[PDB]
Amino acid sequence: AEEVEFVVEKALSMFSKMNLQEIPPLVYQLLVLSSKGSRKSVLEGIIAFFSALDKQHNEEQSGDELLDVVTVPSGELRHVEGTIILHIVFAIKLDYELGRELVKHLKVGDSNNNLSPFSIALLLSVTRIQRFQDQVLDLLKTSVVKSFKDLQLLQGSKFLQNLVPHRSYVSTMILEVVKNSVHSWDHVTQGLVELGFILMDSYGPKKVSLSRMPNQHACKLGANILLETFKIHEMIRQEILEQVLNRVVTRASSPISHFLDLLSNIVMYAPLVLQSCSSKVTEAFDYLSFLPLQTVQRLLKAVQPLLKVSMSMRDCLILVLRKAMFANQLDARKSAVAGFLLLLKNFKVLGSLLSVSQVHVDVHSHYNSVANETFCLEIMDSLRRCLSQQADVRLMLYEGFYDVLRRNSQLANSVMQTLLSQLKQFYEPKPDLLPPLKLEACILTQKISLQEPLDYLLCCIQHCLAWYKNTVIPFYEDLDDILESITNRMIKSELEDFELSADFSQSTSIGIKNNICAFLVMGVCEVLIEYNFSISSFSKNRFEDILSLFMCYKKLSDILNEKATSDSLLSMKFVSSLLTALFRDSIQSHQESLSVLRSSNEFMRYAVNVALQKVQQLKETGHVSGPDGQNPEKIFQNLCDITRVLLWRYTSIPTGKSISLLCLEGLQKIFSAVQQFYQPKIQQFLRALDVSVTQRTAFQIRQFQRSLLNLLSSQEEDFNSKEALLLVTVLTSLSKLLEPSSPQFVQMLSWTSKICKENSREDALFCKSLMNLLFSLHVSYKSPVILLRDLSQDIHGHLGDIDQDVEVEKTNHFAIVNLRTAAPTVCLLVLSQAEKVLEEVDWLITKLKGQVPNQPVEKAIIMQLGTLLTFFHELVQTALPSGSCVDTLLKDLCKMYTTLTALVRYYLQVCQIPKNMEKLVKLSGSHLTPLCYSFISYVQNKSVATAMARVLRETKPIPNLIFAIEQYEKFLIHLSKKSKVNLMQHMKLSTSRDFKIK
Amino acid sequence: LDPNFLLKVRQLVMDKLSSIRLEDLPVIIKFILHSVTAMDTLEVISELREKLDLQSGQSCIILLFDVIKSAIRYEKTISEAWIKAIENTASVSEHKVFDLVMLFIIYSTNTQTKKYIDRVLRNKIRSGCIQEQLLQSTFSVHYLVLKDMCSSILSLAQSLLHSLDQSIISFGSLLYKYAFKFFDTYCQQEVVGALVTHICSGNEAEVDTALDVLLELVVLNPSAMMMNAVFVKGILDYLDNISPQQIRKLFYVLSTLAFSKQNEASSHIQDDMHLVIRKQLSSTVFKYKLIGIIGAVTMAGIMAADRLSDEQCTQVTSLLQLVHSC
Amino acid sequence: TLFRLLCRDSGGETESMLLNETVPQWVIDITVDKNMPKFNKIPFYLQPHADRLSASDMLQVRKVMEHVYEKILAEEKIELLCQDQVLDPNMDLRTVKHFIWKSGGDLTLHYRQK
Amino acid sequence: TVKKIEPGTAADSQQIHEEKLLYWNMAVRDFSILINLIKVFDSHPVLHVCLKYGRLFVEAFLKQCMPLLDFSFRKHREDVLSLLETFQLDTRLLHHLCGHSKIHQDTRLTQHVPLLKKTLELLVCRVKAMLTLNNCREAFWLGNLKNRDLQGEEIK
């Protein structure tokens, strides 16, 4: 036994000296020798040796393509590592115990420095043995998730960054395992694909914060693994697409947004898709009729890059869509309309260029534009036949006709005539009959439901007509005259002509009909407001028509609101254009006409509120409802234009809610929305407001800093709490852009610290937000343990002492901490921050414990725990309220003593005791442990099945702390025995309590 | 249409499921499975389990199961609701052949339900809900549908044999035995190849159980095993990781297979087994010489087994003289 | 034959659709994506005439001459040889390996003072 | 034996609860006699058994007897108080054994102290819960018991 170990160790040393091409023969023989003897030693030596080769090769490869010192070429290194892996996997097949040692040796929570590109690639091919498939893939899944938690924890804390040197992460290792797999690593691909889908299946979004980011990173890694494996390996790309389409083509309505993005990325390599995995796309097309409308629209958009270059896929889709439309079954014609819309919204050229014994013939006929027009008109005529269907189909067509008419300018006449014919069914041509719209024909009675979205029909007509007059000009006059007639008769209507307050009930039939008719009138008024703004340019007469239309819109809105919603029909481009003229227009001619609109404060509120809706839709859904609402470049341009107006109005003139306050709300929403979606365009976003990102952000930050000072300079009763809360939220979001290693960040932290130290507000919510901003800035700068200690003293001074015979001196470090906010606002906030400090220290101790730089880390750990001891020392003798403050402090003391136990257990492994560790032990025994017993006594002495659960739940915390202290003292006895220094001389005898009933 | 009206007419169709003919079952099942929503999937599937009895008969059943495969091909939640219906069942008599066939269908069709189907299958086997006679009846009367997915069954059988419970281990052995009996030649070779990999694995319990199945397959179907003798003979190259007790059993199944019949096919393996042992006895390694003694005595017992002509009697005599000399 | 056309006819409507269907990915990477192909390398270890290095195939001898010069104007003081034959400084290693090496092993270059 | 006793329900017979209270009194008396034997027999194997099974007796007490006292505290109040006072004398000796184990720093003994201390404190909190469910929370009251040796001499 020992002889086998000795000879194996000798051969391990010979690895370095001998040639690499002789390694695979040696490993195969060494694995056979391993069977009758040591198994872990052989595997450890091979893995460690090849990991060093990988690391050395990576360093020498990184650099210019000039003369490099290349000890091993990349081509032969991957070939050698590949055949070593196959030998190990084949050995595991005939030796089950060899496989168990490999999993045990590479078992992960710790970083597991043993993991490497070679060891990860070894595990992926081991999955070809079904006996090890699940546990190996589970080992890899836990490794990447834990690795991302390490990355998240390091990024958020400056204290850890100064201590922990950067180490490679499992996510990076696996990505280059895929990259290295191009050297004929076909045995790794099978387990590579399964690992990618496990990451996506287990950590995909479940929309149906601490863990969401590592889950999102883990899910994104699976998409990267699958996408890169698709490009390189041809024998596996067919399986990848089939599994992706399986997850996407379903009626389950599960969140599949991440799978749809992977499908879109895969189909960007259309020749790769068409070559091998071509039938799967067509089979998914066959199931489009059975799928729901929302799935069809998202699936067809995902495979749009494939249909853009390929005619066969486009031709097959047209055949499926034509068959689905002719099908008598419903919910399939809706998908056919959606499919035909998407094809006609995106492609100007539609069309092409069997039985057992029937074959296709390659006819060499030149492309015919005239035949293409008839092909498009045939689909356009079919879509016109779908305008008499349910209101769901009508809504889709009205949204699609604008993009269809912009794409195919040759379909403009067909679309416009179709829109005109539909409008004639609901328009009264009589010059004096009121109302001009038949709102009773839009209602289908069989239960009352909406049949025709008349408001959406005019929105499509107005936008299509607007495109017509500025794209093809350089029936249209008939449409221009109808809209003017509609506008005049809607204004002169007295709201009684629409049969509208009569019932407005949410249950009765007449109330449902009245409620729907109320929405249509408001929707029509919005569209006519948009129409009259553009037509006749800036004329006073037309703007008076807009104001008259708005009053009709607002009066009906007030009636529905008080007796009690829907999206606005204004395009985001118009809202941006309306706001700019309504607030930032100084042209002499326009001022006369704009004074009509500006005089109505309710109109001012309406214009800003609709802009807030557009931003809110972007945050919720990722796109805006109106025209061009799914174009990221045009949404961003409107975001910049709206932001400029909102910035100007708020700052130039200070202060339902006021207009300036509403602009502040829109600014906060935009800043959050821009960072969430247009992350790479932040420099362009900040540029368009009127140096680098940090310099421009600091200019805006200082601009909002002055605003907050003005409210704080006001009186306590006059304090505008709503505005101050918004300013801190804006400052918090903007401060995410500053670089922490910059003077601009230091100024932001210094300003926040000064505001907290000097301003005393009675608003608990304002204090909580301000402290959260201060702690967010501070943690990325340095350890907040000194900040935490000073805040605990303020809570002690304001709330007094539990002794009731001593007087605690009021430090007054921070004025924001007053008698009202000291608890439960500040106390709960500082306890949550000390929790994060302990999690950081617990992470360090775990790394050191598995590691065996130690002396610098050990001193910093003791320094953190030493300062955090004084923070807890102040809180354990404070007369906290009996609510969640006591519950959280008791739970946090248990975490403090658990962390102390982990530090002591670390020295048990290392000390075969330094002064700093001894002084920490002495401090814990003189300033925390005796006072913990006093606090426990203080808490207990002073004072259906739901109550039964509550009383039994309250019996948990105090015994949990008692176990934590006794567990801590148990291991200090072990350390004193092992290190021969008595650490229990600093600890007094434990104090026990007994119950006695009066 | 009205949602409640659709449920009412669906219930009327479901009510007479027992009294309808056989040809209209595929379309009726197709209508019920397609006309479901998210919240009623659990109940409609549960109702379908107890209502469907299944008791041109083969063709209609094949078309019935073909529709179900197409109906659940793109619907994962329906498959999950079916396993939940099976798991909730707590009585042995309620489990039926159709219940077991559907479990294999979901296993072969949807790859995302492999782990859930496995975990419930262990529980039912341990509790006795799924039993040998139910498995025997399933294969006996519905081996037409099961044949199209023999690899799916074998993957389940191979995984079941890796367990540590004798009840689960015995069921996995039966899943091997029934697959060999009721499937075609190609899926039979996969069964033998799967057993050979079990013996050459390294786990003691796995090796002895696979050798028990190999002996059983030889006894029931010697003719089918005679065509697989090349793969069974390949185990002789991996005697280093095999205990002497398992070596004796391995030589027993090899010898009883070679002498099971007297056709020309058996004469080739009969003389081939003689050659392997004649060179293990003469090997320079002492370990292989001891293996040759075990195998030669094992074979001589089956040649001389009483049920033998003079030429047969001198062959066992010749082999014994060889071992005594070596 | 998947598709046949003249060079000047690729801009046509019918030819462009046919080209999208037939042109393979390995041509798309270079003509459409504008990616650059791999750069092959030969590993050669210098040995003093009486340290493995990998470089571009079109690297000239002069570059290997100056690398040795910094290790120990460069052209005039250092001469390189392979298989006991002097090497043209303007010649590249790709030509050296194919013509003068005449062996199945990795290229070996010997550096000796002029 | 203690683990097998069930607290029953508040709807059971009145005399049934009385016999369970008497049965629990006998179990505590046997516990008192057994635990008190460590004063004279104070070897490591004896203390280890008392430290380990003393915790298990308290664990079974607050899992079985404590729910029983919730049902019957109003009608039976002197019995419940007397039972708690008698058991409190046993738990006090358990605390002194815990302190004795830590003072002598016996590693085999101190590895039972943390879980015994948790359960001993869990009993004090569980008594408060019983009073709270019986609207007698203000009657609950703690005090720091003196640290004593195994014999009973005060440690100060």
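A few remarks follow.
- The range A:838-861 versus the range D:78-156: alpha-carbon centroid distance in Å: 37
- Shielding by partners for peptide A:271-278, expressed as the average number of C-beta atoms from other protein chains within 10 Å of each residue's C-beta, is 3.
- B:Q136 paired with A:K430, simple spin-label distance in nm, labels 7 Å along Cα-to-beta-carbon: 8.8
- Computed [θ] at 222 nm, helices only, for the protein assembly as shown once each DSSP H run of length n ≥ 4 contributes -39500 (n - 2.57): -21500 deg cm²/dmol
- Within the range A:157-176, backbone nitrogen closer than 20 Å to the virtual label 7 Å beyond the Cα of A:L210 toward Cβ: A:157-161
- Test item: Cα-centred dipole of the protein assembly as shown, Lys/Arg +1 and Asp/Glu -1 on Cβ, debye: 2980
- If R0 equals 45 Å, the separation of the Cβ atoms of B:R126 and B:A305 corresponds to a calculated FRET efficiency of about 0.70.
- Entries in C:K77/C:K97; A:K438/A:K540; D:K52/D:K118; A:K978/D:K102; A:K345/A:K573 that, when Cα-Cα distance is taken, lie over 18 Å: C:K77/C:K97; A:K438/A:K540; A:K345/A:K573
- Summarising the label geometry, the points placed 7 Å from Cα in the beta-carbon direction at A:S388 and A:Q683 lie 5.9 nm from one another.
- Net charge over other residues, Cβ less than 14 angstrom from the Cβ of A:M917 (K, R count +1; D, E count -1): +4
- Residues of the range A:444-467 falling in the label zone of A:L420, defined by backbone nitrogen less than 19 Å from a point 7 Å along Cα to beta-carbon, are A:457-467.
- Placing a label point 7 Å from the Cα of A:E562 along the Cα-to-Cβ direction, the residues of the range A:490-515 with a backbone N closer than 17 Å are A:495-496, A:500-505.
- Exercise: per-residue mean of other protein chain Cβ atoms within 10 Å, D:135-146: 5
- In Å, descending, principal axis extents of the Cα set of chain A: 107, 90, 66
- Relative packing of peptides A:70-83, A:886-899, C:74-87 - highest average C-beta neighbours within 10 Å first: A:886-899, A:70-83, C:74-87
- Net charge of neighbours whose Cβ lies under 13 Å from the Cβ of A:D801, counting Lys and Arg as +1 and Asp and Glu as -1: -4
- The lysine pair tally for the range B:159-302, using Cα distances under 29 Å and a gap of 8 or more places or different chains, is 19.
- Each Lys or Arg adds one and each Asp or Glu takes one away; over the other residues whose Cβ falls under 14 Å from the Cβ of A:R953, this sums to +3.
- Spatial separation of Cα centroids for the range C:62-93 and the range B:290-323, in angstrom: 78
- The DSSP beta bridges internal to chain C are antiparallel in roughly 75% of cases.
Every number in this text was worked out from the coordinates using simple rules, so none of it is lab data. Here Cβ is always computed from backbone atoms with ideal geometry, including for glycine, and neighbour counts include all displayed protein chains.
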